[PDB]
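Below sits a lone chain in structure tokens, taken as the form deposited in one PDB entry.
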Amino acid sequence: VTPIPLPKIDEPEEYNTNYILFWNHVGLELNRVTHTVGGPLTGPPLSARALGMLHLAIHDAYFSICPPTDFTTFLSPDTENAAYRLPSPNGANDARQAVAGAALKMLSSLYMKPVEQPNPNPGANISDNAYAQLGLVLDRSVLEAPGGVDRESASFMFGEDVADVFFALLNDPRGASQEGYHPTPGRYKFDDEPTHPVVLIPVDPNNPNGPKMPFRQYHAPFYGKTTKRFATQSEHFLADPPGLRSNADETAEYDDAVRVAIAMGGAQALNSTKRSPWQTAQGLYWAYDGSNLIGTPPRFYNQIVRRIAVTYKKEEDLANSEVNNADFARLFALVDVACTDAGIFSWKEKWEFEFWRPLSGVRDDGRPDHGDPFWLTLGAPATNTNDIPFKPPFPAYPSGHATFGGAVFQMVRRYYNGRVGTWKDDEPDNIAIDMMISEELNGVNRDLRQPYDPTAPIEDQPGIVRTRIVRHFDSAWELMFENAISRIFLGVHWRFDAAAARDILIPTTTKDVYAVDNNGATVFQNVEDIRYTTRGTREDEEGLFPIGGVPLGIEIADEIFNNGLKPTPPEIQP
């Protein structure tokens, strides 16, 4: 088959001389390729799960052969429970080959054709071409691997055994099933997107030019409540969103949120849009909304973490440094596991409340002096395509981006504290990064004038090129914040989906009503002054709970870290 020409990644090629980074890279490539061809593990929660599984297998394969001192492996060889029993090296001492076997085995199990019956129902929607393209990626990776891959070595075989264990234990085949789910219309209730109420999908994925059929997607409605958690030691909950349950009386907050939604996230040319050009840039920068050649948010978070890892490595040699190898293997396991669990809990809460998106909220408001029946958002960018595709929708509260970001960046902060600088674990850090480029704004990717052509490189396809923006960030606290508010700029999330409005916005004399500038744009607090302290109530439980995705993510990362990356006790699994 013709290999899809993938655009160049903005990153020092030296990074991939390190075999831990190389395998992470392979995972990211499969991430973007599967979203281009419509293969398995698409969507934010499951794409995160794939990376978590990959790095867990790598972590244990490496630390089995090169034992750590301040922590231990995720699974152990002495576990009585066969499902959690880690294989023993038994002579194998080649860490490079162990990692290769674990990574290759895991990625292959994840992305290859489900010959073992699983093709029915679960995989019955992916074309043969999708699988073929994914295979190409896997095949050339073997050839590009630093130091090569010796599939016959005992160490390689050991890595494979490790992968088998993790795959059998954590794989969730029916994770994205929506069978049986249907929206329950009403105020504050999630339903089909007014701009994309239905999709025409081919009856046969192998014949895309053939007959289509109407389809209504709902992204992983049962995943969060039924899936196996990775390293969390408890269930996490958020306060009821403004307008629902115990907080149904928070009308001032809700009304002002509608107001901020229109002004900050509307389409570019609307007279009601007050968002600045720079804010529009911040919105698109963090998107990665499953587009062609781009993938999902977990991919971007890993791209950023790769830069942090190299920027703050202990030793200069990326190729032959066990200090670096152990550092990266540990960091990525921590980060990708936190990201996986963040996906689980954000999805659990999303479908629990089933809160509607701003587009529907503003349009269906019903009050002549509050709503706008014809409003349009800036929206999730449909990069490298010529239209606005129907992307499987899901509820608004809390923001997936916000939760992912909170988890990933708080994990990075906990890991580097005392090493890059010193700070209170709940206060701004100093982990700065430079020359960070998002593929949404890289001067290469674009909004096509005609349908995407997978046999030609993106540069030879007509369209409006996305401006190349090179960013610098002063801290992981800033990254966390901007990643969260970017969704407000796109108009896909309410302010409270990110965090409590009180913690991120500038207050006025009027309660629940926040400050706007001379031209009506919403004013945010300075990043250095932001503290996620405001909590709220839940109708079904006593106590105070976090509001929005960022606080939820921070909470998940702290828990995992404090427990040193230990499996969720099987007793508390769904």
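One rule holds for the numbers: they count along the sequence shown, beginning at 1. Definition used throughout: the rigid core is the maximal C-alpha set that superposes within 1.5 Å between two forms.
Just so you know, the form deposited in another entry exists too; it's not on screen, but the next bit is about it.
Only one entry in 185, 389, 457, 421 has its C-alpha moved by 2 angstroms or more between this form and the one not shown when the rigid core is superposed, and that entry is 389. With the core held fixed between this form and the one not shown, residue 119 has its Cα displaced by at least 2 Å.
Compared with the form shown, the residue 212-residue 389 C-alpha separation increases in that other deposited form, the change being 3 Å or greater. A shift of at least 3 angstroms brings the Cα atoms of residue 389 and residue 281 nearer to each other in that other deposited form than in the displayed structure.
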